[PDB]
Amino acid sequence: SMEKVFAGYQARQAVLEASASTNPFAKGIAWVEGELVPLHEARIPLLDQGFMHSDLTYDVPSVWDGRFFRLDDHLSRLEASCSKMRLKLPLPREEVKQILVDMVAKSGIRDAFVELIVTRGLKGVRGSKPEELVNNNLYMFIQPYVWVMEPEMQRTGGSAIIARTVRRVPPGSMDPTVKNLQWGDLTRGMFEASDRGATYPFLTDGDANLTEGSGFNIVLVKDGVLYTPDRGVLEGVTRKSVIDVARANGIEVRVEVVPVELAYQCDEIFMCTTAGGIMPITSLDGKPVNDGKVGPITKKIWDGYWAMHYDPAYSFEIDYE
């Protein structure tokens, strides 16, 4: 149930904040050039191309109730993203896995936002031969779980708008399956949502089709069928878990081109991302979605998603010692 899941998070959260006075990693821990530092003290070289030209890729696994969730899927996506950008994970994947879990155990964080960043390094791409672009930089940090939609808002649903002043960066400019931090369009959508009195922007592809929002995939529900865009979006691990939950309940999920018009004619809407999970949308463009309540299929997806966090096929326990 939703109340039991959030009550456990609130308990573990309070325990974490009580440890902050004696554990300098309780607010987060970062890995910078082989050194573990408190997150809010972490610094990176100004000349790092991940800053100078956002020449990087990244990925965000999570920890819930002391259990890493689908970590191997995120590490595999990071490696695929690195290869698409001609980057290379600077450490063996097995060592990265050991460092990540050790950082979580040192922080004591039971519900964690985990981020890995692989940047081009100190040498820019311009005027460089491929041989001198191999010293890629790696940054990792753990921090308390981040909510794109706060737990209280998940009980009643959120408000969204179809963005009309900004469209998603097309794949011909930037591959949206390569997770990146070049959030120019998404930051614009967030400003438009604030100007229009809503919280979440839904960005189109400029061809009257839905893509994704500012840090989440979009799923529409109409007549017992789930619809989510197949192109122009990140292939989210949460979205993959949504498909797993729907298949277990005999619910069809159509991963295809989704017209904007369907968002106005569907029964339920919810957002999905690692930093938040399953987040219902009960208002669109100032009007309620159907009856303005969290739909029944959304709760089924919501309940199943968090149940997967204790399935040993998708999670493993962390030894905090």
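The numbering used is simple: start at 1 and walk along the sequence shown.
Visitor: Comparing average C-alpha B factors as deposited, tell me which of 121 to 129 and 215 to 223 sits higher.
Guide: Comparing 121 to 129 with 215 to 223, the higher average CA B-factor belongs to 121 to 129.
Visitor: Averaged over C-alpha atoms, is the B-factor higher for 273 to 281 or for 286 to 294 in this PDB entry?
Guide: Stretch with the greater average CA B-factor: 286 to 294.
Visitor: Of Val60, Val258, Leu36, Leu47, which one's C-alpha B factor is largest in the deposited record?
Guide: The listed residue with the largest C-alpha B-factor is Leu36.
Visitor: Given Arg196, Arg86, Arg167, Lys179, identify the residue with the highest C-alpha B factor in the PDB entry.
Guide: Each of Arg196, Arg86, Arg167, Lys179 was compared by C-alpha B-factor; the highest is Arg196.
Visitor: Going by what the PDB entry lists, where does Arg110 fall on CA B-factor within its chain: lowest, middle or highest third?
Guide: According to the entry, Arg110 has a C-alpha B-factor in the chain's middle third.
Visitor: For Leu116, does the deposited CA B-factor place it in the lowest, middle or highest third of the chain?
Guide: It belongs to the lowest third of the chain when residues are ordered by C-alpha B-factor.
Visitor: Should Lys97 be placed in the lowest, middle or highest third of its chain by the C-alpha B factor in the entry?
Guide: Tercile = middle for this residue's CA B-factor.
Visitor: Can you work out whether the C-alpha temperature factor of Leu75 puts it in the lowest, middle or highest third of the chain?
Guide: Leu75: CA B-factor falls in the lowest third of its chain.
Visitor: For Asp55, return the chain-relative third of its C-alpha B-factor as stated in the PDB record: lowest, middle or highest.
Guide: As the PDB entry reports it, the C-alpha B-factor of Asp55 lands in the lowest third of its chain.
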